[PDB]
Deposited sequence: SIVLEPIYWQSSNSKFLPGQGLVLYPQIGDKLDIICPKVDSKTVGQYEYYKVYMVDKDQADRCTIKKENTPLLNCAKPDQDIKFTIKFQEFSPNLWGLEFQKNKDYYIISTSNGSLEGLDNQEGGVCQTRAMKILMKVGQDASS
């Protein structure tokens, strides 16, 4: 049980593969850091957890509430995941073996587009994460 390579949430990251997204195979007990990088120019993001249907349709339902809201460019904002049952998260955010979790953002990257529900960098720049837990290739 170890620390996976950190994932910076931004267009610059190579690990998002066009049409696919970032795909990971963490095992229960592992850590992963998702980071909203601080700063001449800045991207504004609201990062969410969704199921497959919504990840494919690149849409967020109104009830959802984000893991990360990065509206603050002057500071680094970090979300540390350990894959296990219990997290301080309000929804319960549980990680069980042999289950899949999707992380997307529908946002333009512009401050005016931070609250955008549909499309966004999920749809265009392919910012999506698929975490297959307790599984491998």
Exercise for the section: Could you sort out which parts of the deposited sequence are absent from the coordinates (no C-alpha) and give them as ranges from 1? Expected result: 40-44, 143-144
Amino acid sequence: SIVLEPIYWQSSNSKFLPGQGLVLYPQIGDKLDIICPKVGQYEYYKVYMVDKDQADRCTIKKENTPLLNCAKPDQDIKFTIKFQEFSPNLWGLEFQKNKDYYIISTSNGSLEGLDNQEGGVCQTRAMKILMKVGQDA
From here on, numbers count along this sequence of modelled residues.
Completion exercise
Higher avg CA temperature factor (82-90 vs 96-104, as deposited) belongs to 96-104
Practice task
Going by the recorded CA B-factors, say which third of the chain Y42 sits in, lowest, middle or highest.
Solution key: highest
Exercise for the section: Would you please rank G29 by its C-alpha temperature factor against the other modelled residues of its chain and give the third it falls in: lowest, middle or highest? Expected result: lowest
Handout entry: Lowest, middle or highest third - CA B-factor, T65
Key = highest
